[PDB]
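Enquirer: I am attaching a structure below and will ask some questions about it afterwards.
Protein chains in written order, with the deposited numbering: chain A, 1 to 171, 175 to 197; chain B, 1 to 171, 175 to 197; chain C, 199 to 393; chain D, 24 to 78, 89 to 393; chain E, 24 to 78, 89 to 393; chain F, 109 to 179, 186 to 385; chain G, 338 to 385; chain H, 194 to 241.
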C-alpha cells in the first residue's frame, strides 16, 4: 500500500484570485501580482494539511494505489475517501507483465467507506511476489466550485494563517479551522484483526 | 451512500442584500465597501457549517441518495432532515437498466427522523450489485424567508464572523451561534446494531 | 409475574451476550492538538503490530512501547458474572412453588429443604399429584357412571406406586412388629385377603 | 372427533402443515453445539435403549433392518423425540403381518396433512424439493407418529429443546464469550511510555532496536522476572493490569448449563455439571433418572409400538418396560424385598405372589 | 427403505460424500493438544477393550491381525468413534468363512457413497490422491460402519469432541494464555528513575557502570533483600508490582476442563480434574462410568460386530458385554447377591436361577 | 382474538366437478355431435353413417398467489393463514364465474353466448326476459320457469340456480296481482332454498340485474363446469428477503372452464 | 507435478425466496490448482 | 439439474486444470512461462 499520486493539481484550478480577495491585499494597484508565486504555495500547503487530517482529496486528481496483499479477503477499503470511477486494477506479475483485469470487481461509493468489494466472493488473486496497483481518480470535483464550501473555508482559514505568520509563533472560534474539519475526518473504532 | 447534491444553490436565493444589512445597517461606517461576491462566499461557508452540524438543508436543494444495502428491513432514515416529496426511487441494476418504482413506499416526513418506511414489511429489494438510488428534495423553503428565523440568525452570526476576522484568531454569548444550533441538531443515542 | 421475571432475566443475559461491546483496552491517540487522526499509512501499521504481536492468547503480555501521543487505557467489565442471578433463581423457585413441585425434583438450585428424595418424591405424590389425581378420577367416576347403569367408584391405587414406599415400610413394620395381635388380625389391617 | 372435523377445514384439508420453523437450527446450535445439550439427549436415548421390554413382534425389534440394531433404533427414535418432539417409524410390509422393516424417519423433513376429519391422512417426507406422501387412509397405517405433549398444537410435539432455547443461546454464547476473549484480547504486561522533551516525541530506529534488545534479552520471560530496570529521563514504565481476570459469565453459564439439564429432566449429578448437592449418593439420582424422565418416556413410546404393530397382527399385543432387572431400580427392589421378607406372619407362598415370583 | 431412494438422489449417487472437513484438525487440537480431551478418550477406549465378551467368532477378535491385539483393536476402533463419530472394520477373506484379518480403517480418510436406495454402495479409503472404492453391492459387505447417533446427518456420526469443540478451544487457549504470559511478560521489581536537573537527563557511562555495580552486588538477589538504598538528588526508586498475580483465566479453564469431560461422559472424579464432590467414594463414580458412557457404548459396537461377523457365518451369533466379572460393577453385584441371599424363604435352587448359577 | 369482515363463502366449488389433477393441465374430451345413424333401407349401399368429431378442451391449471408482509396478543401465523385461505376461496370464485382467459380460469359467463333455439356447441344458451331493465312486467317469473324448462331433462336431475344476493332479492320481490309473494309467500318464511324444486347458490360474483346482464344461471354444473385443481396450499414461512416483514408466500394452483356447453343456461334481461 | 486443492463436496441448495415464482437452485464447489514440481512436466512445441 | 451440474463442474475445472489463467480460476500448466529444455530453469516448464 503506497498510494502515490499520478498527477498533481494543475495549480490553475486553485482559487488564487479568490484567496487574494480573502486576505485583504489590495484592490486596484498596478502591481497586483507580486504574491501569486507565494499565495498558491500556501494554498497547496493548507490543502495538503487538510487532506491528511480528513483523509479527503478535494481536487479529484488521479491516484495510484500500489499494493501487494489484500487487507481483507474481499473488501479492500481505499484510503482517499471521496472516489468515483476506479479506472484500472491492472494486476502486475512477479516481474514485468501488467495485465489489466475487469476481474468482476465492483465499486461501492461512500465518503466514509470507499470500498472496492468483489462480486465473485474473492478479488482477483495476486501473483506471489507481485503487486496490484489500482488507478482511481478520487476527490469532490474537478474545479474549486464543486467542493463543500465549509471545507473550502477551512482551507481559507488555514492558508490565511500561514500567510500571516511565517514561523511557529503562538497566537477559540466557534467554527474554526478544526471545527469545520471534524465532520470530514474518518471516525474509526477498530484496532482489531478484522 | 454517496449523497451528492444534484444542484447547488443558485446564489441569487441567498440574502446577500440582507446580509449587507446585518453586517452594517443602522450603525456603522456607512454602507462602506464590501466585495459583494465575497459576501456570498461567506454565507455559503456559514450555511455549510450549519448544514453539517445540524444535518439540515435550509435552501431546499435537490439531493440524490444512492446507497447499496438497506440498513433496516423497512425503515431507511434519511440523513438530511427537513424533507418533502421523494422525486423518484429509481432502482439501477449492476449494468444500469434503471427501472424506477412508483409504489410500495410512503415517505413519512418529520424534522426528527425522516423515513421511507415501506408498506407492510416489504421494501424494494436491491439488485445484486445494482445500487438503489433515491432522489429527494430536502429543506425548509425555496426562498430565504421561509426559514426559521433563529436558524437564519445563526448563519448571520457566523457569516459575519468569517467576514470580521480572516485567520483563526482568538476573541460566550447567551444565544450565540452554538446555542441557536442545538435545537436543530440531531439527538441520537444509538451506537448499536439497529 | 414470576414467569415473566424468569423469562426476562434469562433473556437479559442472552441479549447481554449479544449486545455488549467490551474492549480489552483502547489505544488512545490524541496528538499534538487535543484531536488528531492518524493517516491510513499509520493506521495499517497500527493494525499489523496489534494483529500480529499483541492480540490473542499467544501474545498475552507483550511490553508494548508507547511513544509520544499514544496511550493504552485498559477497559474492564465491572459486573462480570451474576446478572439478575439470584432474582432469576428466586423466580425459578416461585414458579416451582405454584405448581407444587418441590425444588429438589425439578432440579433448581436452592437450600436443602427436603433431605434425601425418599421425602421429596413422597411429598410430591402427596401434596400435588395424588390430591390432583383423586379429584380428576372422582369426576371420571361420576361422568362415566352416567353412561352405565350402576355407579362406579374410581380412585387412585395408593398401593404399588413406588414413591410411597416410605409410607409402606412404615405401616408394614408397625403392624408386623405388633406381635400381640394374631396373624389374620393384621392381614385385615395391611389389606390382605385373610387365610 | 366431531370437533376435529371442524378443526381441519380451518387450517386446510389436503395441504401440508409444517409446524416449527427453527427445529433444523436448534439441532446444530443445541445438540451439535454445546456439550450440555449434547450429553442430555445422549444420556436419555442410551438409557431407553437399555431397558428391556415385555411382550414374535420383539424379533422385529431386535433386528429391524441392516446396519440399525435394536439399541440403535431407539437411540434414533428417542433422539428425534427429544430433539423435535416427534417420532416416526416407517414399516415396509412385503408380508401382511409383522412387517420386517423399521426405519426412524427424521422429523426435520416430515410434515403432516390434516385431511378431512382432522385426524391425519398424509405424512410428507420432503428432502430437497422431493416428496413421498405416505398414506393413512387404510388400516395398517404405515407410520407410527409418537407425539410429545403439546397443548397449543394439534399435530406435533413440544420438544424440550424448544423450551430450553433461551438457555441454549446463553450457554452457547457465554462459552463463546470466553473463547473469543482468549483469542481477541491485547493485554500488555506493561507499557514503556516515552514522552520526550516535547509532549510527543518518537525515538529513532537506532534507539528503538537498542530498546527492543534490552527488553527482549534482559527483561521479558520467566528467567528475567524482576530486573530493576533503570529508567532515565523521559522514559517511564506503566504496568498495566487485567481487572476481570477469571469468571467471564461464569455463573450465568453455569446457571444456564443447569436449565438445559433441567428441561430434558436429567439430574445435575448424572451429567456432571457443577452445583449444589440435591441428590445424595447416585443410588437416588440414577433412580430418579429412570423414574422421572426415562421410564415415563419409555412407557409412552412402547405403548405406541404396542398399538401400531398390533395393527399388523390380528391379536393385540401389550408392550411395556420391564421395570425389573434394570439396575438403577435396585433401591426400589431392596426396599420391597426386605419389607415382605421380614414380614414373617404371612406364609411362604403368600409372599412369592407379592414379589412377582412363580409360586410353589 | 421406500424413502431411501429419495434422499440418495439429492446427495448424488455414485459420488463420495465427505461430511466434516475440520475433523482431522480437532484431533491435533483437541486430542493431541490438551490433556483433558486426551485423557477422556484414553480412559474410555482402554475401558471398553478391557470388558470381556460373550458369544469361534471370538477367536478372530482375540487375534485380529499381526501387531494389533484384541485390546489394541478396540482402542483403535472406539478411539475412532469417540474422535470422529465413525468406526470402520475391513475384513480380508482369503478363506470364505470367518475372515481372519480385521483392520481399523481411520475415519479421516474414509468417505461414504450413497448409492441407489440411500443405503451405501461404496466406501472410499482416500490417502494422498489415491482411492480404493470398497464395494457394498454384495452379501458379505466387507466393512462394518458403526455410527454414533447423528440426528441431522444421514451418513456419519456426531463425535462428542465436535459438541465440545468450543470448550476445547477455551481450554487450549487459556492454558496457552498462562504459557505465553510466563514467556512474554516484563515485570520489574522496581525502577530507578533518574530525572536530573532538567525534566530529562541521561547518566554518563561512567555513572551507569557505577549504578550497575552497586545494583548487581549490593541490591539484587536473595542475599541482598532489603538494603536501605540511599537515594541522592534526582534519583528515586519506584517499586513496580504485578497486579493480577495468580489465576489468569483459572476458573474458566477449570470450567472448560469439566465441560470437555462432560461431553465424553467421564465423571470429573475419574479423570482427575478439580471440582465439587458430585460422586462420593469411587465405588459410585467408577460404577457410573461403566454404566452411562462405557457399557452403553460397548453394547452398541458389540451389537454391530454380532451382525456384521454373522454375515460371514451361516448361523447368526449374539455378542454382548459380559456384565459379570467386570470389577467396577461389584457394588451392583454385592447389592443383588445379598438381596437374594438374605431371602431365606425361597429355596436353594430357586435363587441359583436368579443369580445366574447352574442349578444342582 | 382479532376479527375480520365476514365475506361471502359460497363459491361454485361444491356444485362443479372438482378433479384432483397433478400435471400442468387437464384435458377433457367431449364429442361435439351425434352418431347420425339412419334407418337402413332393404336395398341400399348403407355405409359410413357418421362419426362424432371429438374435441379436447384444456383446463390450463393456472396459479393463484397472494403475498402479504407480516411487518403476542393474537398470533399472526394462524390468523393470516385463516385469512389467506379465505381469500383464495373467494378470489377463485370470481374466476369460476366471470374469469377471462389470461392467467386465470375462464368463467362460464365468458363463453360467447348464443340465444337458445339457435344453440350450437361452441356457446351457452340464454333465454330473454322481456323489457331490458328487469323481469317482464305483465308476467314475472315466466322467464324463470322457461329458463328451467329450456335446458334438457337429463341435466335437470341435479341442477341448481346461480345468483347473487340482490338477484334473489329481486326474485323474492315477485308477487301476484294481490301482492302475495310467489316465492316464500309470507313475511315469516325466509329463504326457501328450493326454487322450482332446485337448489339456489348465492354466488356474489354473478352480475346484478342490468340492461343486458346475465344475472341468473341454471345448470348441472357437475357435468357443465370442471374445476381441476391441486388440493394443497403452499406455505413458504419465509425468514429472508426482509428482516422487518416476514412476507409469507402462499399459493394454490387451480384452473377451469366449461366442460359441457349444454348444461348451463342463462337468463338475459333483454328482448 | 500438479497439486489440486479443493473442498470435496457439491453443496447444492434451493431458495425460492430470492426469485419468488421460481426455485433458483445454487450449487458450488471450490477448486484450486497449480504446478507443484516444475521439473516433472515436459511439452511438445510443433515449431522448430 | 444436480446431474448436469456435477457433469459441468468436472469439465469446467478440467479445462481450468490445463488452460486456465492464474487469476479467478485455477491455473493450468500450459499457461506457465515455458522455456526450451536444456535452457531449463525452475521458473518455467520445459518443451522440445
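Ideal placement from N, C-alpha and C gives every residue a C-beta, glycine not left out.
Find the residues of chain G that neighbour residue 169 (chain F), judging by a C-beta separation of less than 7 Å, and give them in chain order.
Expert: For residue 169 (chain F), no chain G residue has a C-beta closer than 7 Å to its own C-beta; the minimum C-beta separation is roughly 15 Å.
Enquirer: Can you say whether residue 192 (chain E) is buried or exposed, counting buried as having 16 or more other CB atoms within 10 angstroms of its CB?
Expert: buried
Enquirer: With DSSP as the reference, label residue 347 (chain C) as helix, strand or coil.
Expert: coil
Enquirer: Going along chain C in order, which residues have a C-beta closer than 9 Å to the C-beta of residue 181 (chain D)?
Expert: Chain C residues near residue 181 (chain D): none, gap ~18 Å exceeds 9 Å.
Enquirer: In three-state terms, what does DSSP make of residue 155 (chain E)?
Expert: strand
Enquirer: Going by DSSP, name the residue or residues bridged to residue 101 (chain D).
Expert: D:98
Enquirer: Give a yes or no on whether the C-beta atoms belonging to residue 261 (chain C) and residue 222 (chain D) are separated by under 8 Å.
Expert: yes
Enquirer: Taking 8 Å as the threshold (C-beta atoms), are residue 323 (chain E) and residue 68 (chain E) in contact?
Expert: no
Enquirer: As a quick exercise: from E:336, E:120, E:43, E:279, pick the residue whose alpha carbon is nearest that of residue 355 (chain E).
Expert: E:336
Enquirer: Identify the continuous alpha helix (DSSP H) that holds residue 49 (chain E) and give its terminal residues.
Expert: 46 to 53
Enquirer: Pop quiz: residue 382 (chain C) and residue 392 (chain C) are said to be a contact at Cβ under 8 Å. What is the actual Cβ separation, rounded to whole angstroms?
Expert: 4 Å
Enquirer: Do you know whose CA, among F:337, F:345, F:342, lies nearest residue 377 (chain F)'s CA?
Expert: Cα-wise, what sits closest to residue 377 (chain F) is F:337.
Enquirer: For the region 43 to 69 of chain E, which residues have a beta carbon sitting closer than 8 Å to at least one beta carbon of chain G?
Expert: Those would be 44, in chain order.
Enquirer: Identify each residue in the region 352 to 381 of chain G for which the Cβ-Cβ distance to at least one residue of chain F is less than 9 Å, and report them in chain order.
Expert: 352, 353, 354, 355, 357, 358
Enquirer: Determine the DSSP secondary structure at residue 269 (chain F), reduced to helix, strand or coil.
Expert: For residue 269 (chain F), the secondary structure class from DSSP, reduced to helix, strand or coil, is helix.
Enquirer: What's the C-alpha gap between residue 102 (chain D) and residue 153 (chain D)?
Expert: The alpha-carbon of residue 102 (chain D) is positioned some 29 Å away from that of residue 153 (chain D).
Enquirer: I'd like the span of the alpha helix (DSSP H) that includes residue 262 (chain E), first residue to last.
Expert: Unbroken run through residue 262 (chain E): none, as it is neither H nor E.
Enquirer: Would the region 130 to 140 of chain B count as touching the region 31 to 49 of chain B if we require 3 or more Cβ pairs under 8 Å?
Expert: no
Enquirer: Determine, for residue 229 (chain E), whether the minimum Cβ-Cβ distance to residues of chain H falls below 8 Å.
Expert: Residue 229 (chain E) is outside the set of residues whose beta carbon lies under 8 Å from a beta carbon in chain H.
Enquirer: Out of curiosity, what's the CA-to-CA distance linking residue 205 (chain D) and residue 252 (chain C)?
Expert: 27 Å
Enquirer: Under 8 Å between the Cβ atoms of residue 203 (chain E) and residue 289 (chain E)?
Expert: yes
Enquirer: Buried or exposed for residue 226 (chain C), going by 16 or more other Cβ atoms inside 10 Å?
Expert: Exposed.
Enquirer: So is residue 216 (chain H) in contact with chain A if we call contact Cβ pairs under 8 Å?
Expert: yes
Enquirer: Name, please, each residue of chain F whose Cβ falls closer than 8 Å to the Cβ of residue 41 (chain D).
Expert: Residues of chain F whose Cβ lies closer than 8 Å to the Cβ of residue 41 (chain D) are, in chain order, 349, 351.
Enquirer: Can residue 210 (chain E) and residue 282 (chain E) be called in contact, C-beta distance under 8 Å?
Expert: Taking C-beta atoms as the reference points, residue 210 (chain E) and residue 282 (chain E) count as a pair closer than 8 Å.
Enquirer: Given that residue 310 (chain D) touches chain F, what residues does it touch there, using C-beta distances under 8 Å?
Expert: Ordered by position in chain F, no residue passes the 8 Å Cβ test against residue 310 (chain D), which lies about 39 Å from the chain.
Enquirer: Output the boundary residues of the beta strand (DSSP E) element that contains residue 368 (chain F).
Expert: 363 to 372
Enquirer: Can you tell me whether residue 54 (chain B) is buried or exposed, with buried defined as 16 or more other CB within 10 angstroms of its CB?
Expert: buried
Enquirer: Starting from the C-beta of residue 53 (chain E), find all residues in its chain whose C-beta is less than 6 Å away, skip the five residues before and the five after it, and write them out in chain order.
Expert: Taken in chain order, the residues that qualify are 60, 194, 201.
Enquirer: Can you check whether the C-beta of residue 166 (chain E) is within less than 8 Å of a C-beta belonging to chain H?
Expert: Chain H, which has no Cβ nearer than 8 Å to the Cβ of residue 166 (chain E), makes this no.
Enquirer: Using only CA atoms, which one of D:108, D:74, D:188 lies nearest to residue 41 (chain D)?
Expert: D:188
Enquirer: Would you grab the beta carbon distance between residue 179 (chain E) and residue 120 (chain E) for me? Rounded to a whole angstrom, and I think it's under 8 Å.
Expert: 4 Å
Enquirer: For chain D, find out if any of its Cβ atoms is closer than 8 Å to the Cβ of residue 195 (chain F); answer yes or no.
Expert: yes
Enquirer: Within the same chain, show all residues whose beta-carbon is closer than 7 Å to that of residue 235 (chain F), passing over the 5 residues directly before and after it, in chain order.
Expert: Around residue 235 (chain F): 140, 375.
Enquirer: By a C-beta neighbour count over all protein chains shown, 10 Å radius and 16 as the cutoff for buried, is residue 76 (chain A) buried or exposed?
Expert: buried
Enquirer: Answer yes or no: do residue 14 (chain A) and residue 167 (chain B) have a C-beta to C-beta separation smaller than 8 Å?
Expert: no
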